[PDB]
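To start, the structure itself, in structure tokens.
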Amino acid sequence: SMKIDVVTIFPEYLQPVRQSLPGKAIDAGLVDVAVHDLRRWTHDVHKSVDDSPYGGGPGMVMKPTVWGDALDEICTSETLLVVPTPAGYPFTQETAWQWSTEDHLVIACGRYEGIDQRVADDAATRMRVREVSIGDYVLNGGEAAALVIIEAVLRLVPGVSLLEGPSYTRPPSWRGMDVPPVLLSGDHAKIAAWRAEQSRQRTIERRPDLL
Amino acid sequence: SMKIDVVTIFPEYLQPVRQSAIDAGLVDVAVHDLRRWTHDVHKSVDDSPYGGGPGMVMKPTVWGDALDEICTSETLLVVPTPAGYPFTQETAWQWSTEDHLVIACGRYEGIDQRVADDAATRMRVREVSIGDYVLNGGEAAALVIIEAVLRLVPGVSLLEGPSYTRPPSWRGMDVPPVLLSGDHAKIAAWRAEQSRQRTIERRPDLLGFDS
Ligand SMILES: OB(O)c1ccc2cc[nH]c2c1
Ligand SMILES: OB(O)c1ccc2cc[nH]c2c1
């Protein structure tokens with residue numbers, strides 16, 4: 001039902017998620033995740049994936065000729081091409097819900113100072129392209145962002161406001177701290193009102209932006 | 001010199017962290033199986049929630065014993081959660097000069113709140129969200145935090161605009177001519193404008209605008 005292809009110079013980084021897929025979902029053909037080494041599409045004996053930036057500056061830029069060949073082979077007209085980058089649109093739960101009904105995601109993982117912009121611009125003339133940031137911080141490359149996106153999207157695939165407040169379980173008293181007595185009261189309308197107020201307080205303290 | 005301890009019921013999920021820094025040896029990262037601290041033959045770590053609700057909650061008893069052994073009063077205890085304070089670049093800079101991080105990874109519907117409250121009587125505790133989306137547990141968040149922090153350890157605003165490298169013409173698409181001009185002032189000005197242009201389109205909040 002959904003195919004995900006990931007392209008990276010560090011394919012071992014994605015082995016965790018591959019193994020973590022439920023066997024029943026793979027057997028039922030609901031999901032398939034494949035990982036590809038970008039160096040398969042290099043042109044030279046030194047397997048070069050990067051080169052110096054035009055206009056000067058620090059670091060290196062990933063080569064358009066290598067990426068163009070990789071995406072030509074892996075993508076089709078139905079592909080949603082996902083490019084993690086700290087300069088992207090924000091990736092949120094709404095994004096995850098939208099992508100959860102797609103037939104084919106391809107995730108292009110960059111390194112160094114990113115991928116030559118002509119790769120995305122060319123791809124966008126024949127498929128849908130989405131440059132996205134998973135948060136306001138800088139990573140070394142796109143692989144950890146790909147793990148986050150794969151997890152958040154696939155858990156919404158059929159088969160595979162305010163902040164939530166505190167949770168409790170047994171025992172009822174632990175290291176001098178008792179579970180809030182209202183949760184043991186059997187008054188379920190009161191419990192719901194108590195949880196709402198805990199959620200309001202936590203949102204004011206930790207995420208005033210949400211209000 | 002930093003030490004990072006990660007506690008989880010899925011230690012195998014943390015092996016992408018062998019993308020080193022660790023090789024250099026200024027940082028040490030160790031992964032611990034929470035089930036090591038259980039006592040029953042079935043190694044139970046979870047129980048149904050007080051007050052009702054779907055799912056299960058991780059028991060405080062097992063976590064308390066694990067953290068007793070791993071943490072000291074100097075530890076910064078990090079707890080990934082969708083209900084946390086935001087983890088940002090500023091957070092990453094702050095944590096980059098810490099001697100000891102311990103990252104407690106939850107599963108199910110999270111960890112009994114008394115674990116963090118008890119720990120806070122002895123050490124500094126930080127509940128944090130890496131972004132506005134829901135994962136299946138804290139492990140992918142741990143990987144994101146480790147990468148954002150370690151790249152800042154000594155010895156290791158606006159959005160970045162587009163980058164380019166050779167060849168100067170590819171598939172009929174040209175690198176912006178100013179980047180080939182060798183005029184540092186004109187290049188700096190073009191780049192500044194591309195960045196502010198990308199920021200208003202993708203992240204207007206960074207410049208104090210709606211949405
Ligand atoms: O911070 B991140 O979202 C991110 C994503 C992709 C690349 C490529 C090179 N650095 C990157 C950082
Ligand atoms: O979305 B996340 O930031 C996150 C973090 C921890 C847990 C534990 C259970 N679900 C979780 C989700």
Side-chain angles (χ1 to χ4, degrees), chain A residues 7-10 38-39 41-72 81 83-89 108-126 129-133 136-143 145, chain B residues 89 92-93 148 151-152 154-155 157-183 185 187-204 206-209:
Chain A
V7 183
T8 170
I9 63 172
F10 295 114
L38 182 67
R39 289 187 206 273
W41 291 276
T42 54
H43 328 281
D44 64 321
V45 294
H46 306 93
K47 298 189 178 299
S48 309
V49 298
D50 66 321
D51 192 12
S52 297
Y54 275 122
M60 304 286 279
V61 177
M62 300 195 105
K63 298 169 69 69
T65 52
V66 180
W67 273 107
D69 278 351
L71 298 180
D72 280 358
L81 177 63
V83 186
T85 164
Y89 297 86
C109 299
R111 282 266 152 177
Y112 315 100
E113 304 311 298
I115 307 172
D116 184 293
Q117 190 63 39
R118 291 169 292 177
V119 176
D121 293 353
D122 170 55
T125 67
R126 65 195 163 264
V129 180
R130 305 289 184 263
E131 294 179 28
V132 291
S133 171
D136 292 336
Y137 37 78
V138 175
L139 307 170
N140 288 326
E143 288 79 12
Chain B
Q89 191 68 47
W93 280 117
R151 61 187 300 279
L152 303 178
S157 325
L158 306 171
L159 303 184
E160 267 330 295
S163 293
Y164 303 87
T165 189
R166 300 185 293 178
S169 178
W170 179 69
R171 295 188 180 182
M173 294 180 153
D174 291 345
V175 173
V178 62
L179 294 177
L180 318 184
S181 77
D183 191 320
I187 290 168
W190 180 89
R191 282 175 169 166
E193 153 87 354
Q194 291 293 313
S195 292
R196 285 146 173 88
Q197 188 179 353
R198 187 173 270 190
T199 305
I200 206 74
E201 170 64 24
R202 303 182 178 184
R203 295 294 308 280
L206 289 180
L207 294 165
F209 298 97

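Below, read A as the first sequence line, B as the second, and so on, with proteins coming before strands; counting in each chain starts at 1.
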| What is the distance from atom CD of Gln117(A) to atom CD of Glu131(A), rounded to the nearest 0.5 Å? | 5.0 Å

| task | Show your reasoning for whether side chain to side chain contact (heavy atoms under 4.5 Å, CB included) applies to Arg118(A) and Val175(B). | result | CA-CA 8 Å; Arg118(A) 291 169 292 177; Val175(B) 173; 3.5 Å; yes

| query | Which heavy-atom pair separates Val61(A) from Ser163(B) by the least distance, and what is that distance? | reply | CG2-CB, 3.8 Å

| message | Could you go through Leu206(B) and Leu158(B), starting from their C-alpha distance and side-chain angles, then the distance that decides it, and tell me whether this counts as side chain to side chain contact (heavy atoms under 4.5 Å, CB included)? | response | CA-CA 7 Å; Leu206(B) 289 180; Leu158(B) 306 171; over 6 Å; no

| query | Does any non-hydrogen side-chain atom of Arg191(B) lie less than 4.5 Å from one of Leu179(B)? | reply | yes

| query | Do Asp69(A) and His43(A) have side chains that get closer than 4.5 Å, going by heavy atoms? | reply | yes

| message | Between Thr165(B) (side chain only) and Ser52(A) (backbone N and O only), is there a donor and an acceptor less than 3.5 Å apart? | response | yes

| query | Closest heavy-atom contact between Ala108(A) and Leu81(A)? | reply | CB-CD1, 4.3 Å

| Would you say the side-chain atoms of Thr125(A) pair up with the backbone N or O of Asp122(A), donor to acceptor, closer than 3.5 Å? | yes

| Are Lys63(A) and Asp44(A) within salt-bridge range, i.e. N to O under 4.0 Å? | no

| task | Locate the shortest heavy-atom distance separating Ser48(A) from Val66(A); write the atom from each residue and the value. | result | O-CG2, 3.7 Å

| Roughly how far apart are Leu71(A) CG and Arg126(A) CZ, rounded to 0.5 Å? | 8.5 Å

| Distance in Å, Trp190(B) CH2 paired with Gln197(B) CD, rounded so as to fall on 0.5 Å steps | 9.5 Å

| message | Give me the atom names and distance for the closest heavy-atom approach of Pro53(A) to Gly59(A). | response | CD-O, 3.5 Å

| request: Evaluate side chain to side chain contact (heavy atoms under 4.5 Å, CB included) for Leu152(B) paired with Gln89(B), printing each intermediate quantity in order. | output: CA-CA 10 Å; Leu152(B) 303 178; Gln89(B) 191 68 47; 3.6 Å; yes

| message | Please find the pair of heavy atoms, one from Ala92(B) and one from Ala148(B), that lie closest to each other, and give the distance. | response | CB-O, 3.9 Å

| request: Please list, chain by chain and in numerical order, all residues satisfying salt bridge (charged side-chain N to carboxylate O under 4.0 Å, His left out) with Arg166(B), sequence neighbours excluded. | output: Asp51(A)

| message | The test is side chain to side chain contact (heavy atoms under 4.5 Å, CB included); show your working for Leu38(A) and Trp67(A) and say whether it passes. | response | CA-CA 8 Å; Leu38(A) 182 67; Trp67(A) 273 107; 3.6 Å; yes

| So, do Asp50(A) and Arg111(A) sit near enough that their side-chain heavy atoms are less than 4.5 Å apart? | no

| query | Looking only at atom types and distance, does a side-chain atom of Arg198(B) sit under 3.5 Å from a main-chain N or O of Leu159(B), one as donor and one as acceptor? | reply | no

| query | Got a second to check how far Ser133(A)'s OG is from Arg203(B)'s CZ, nearest 0.5 Å? | reply | 6.5 Å

| Can you find a pair of side-chain heavy atoms, one from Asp116(A) and one from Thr65(A), that are under 4.5 Å apart? | no

| request: First locate atom CZ of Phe209(B), then atom CD1 of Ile200(B), and finally report the distance between them rounded to the nearest 0.5 Å. | output: 4.5 Å

| query | Hey, are the side chains of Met62(A) and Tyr112(A) touching, using non-hydrogen atoms and a 4.5 Å cut-off? | reply | yes

| request: With rounding to the nearest 0.5 Å, note down the distance linking CZ in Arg39(A) to CZ in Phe10(A). | output: 7.5 Å

| query | Are any of the side-chain heavy atoms of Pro168(B) and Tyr54(A) separated by less than 4.5 Å? | reply | yes

| request: Answer yes or no: does atom CD of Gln194(B) have more than 12 heavy-atom neighbours from other residues, nucleotides or ligands under 6.0 Å? | output: yes

| remark: Closest non-hydrogen atoms of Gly68(A) and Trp170(B), given as atom of the first, atom of the second and distance, are CA-CZ2, 4.0 Å

| message | Between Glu143(A) and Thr8(A), do the side chains contain a donor N or O and an acceptor N or O under 3.5 Å apart? | response | yes

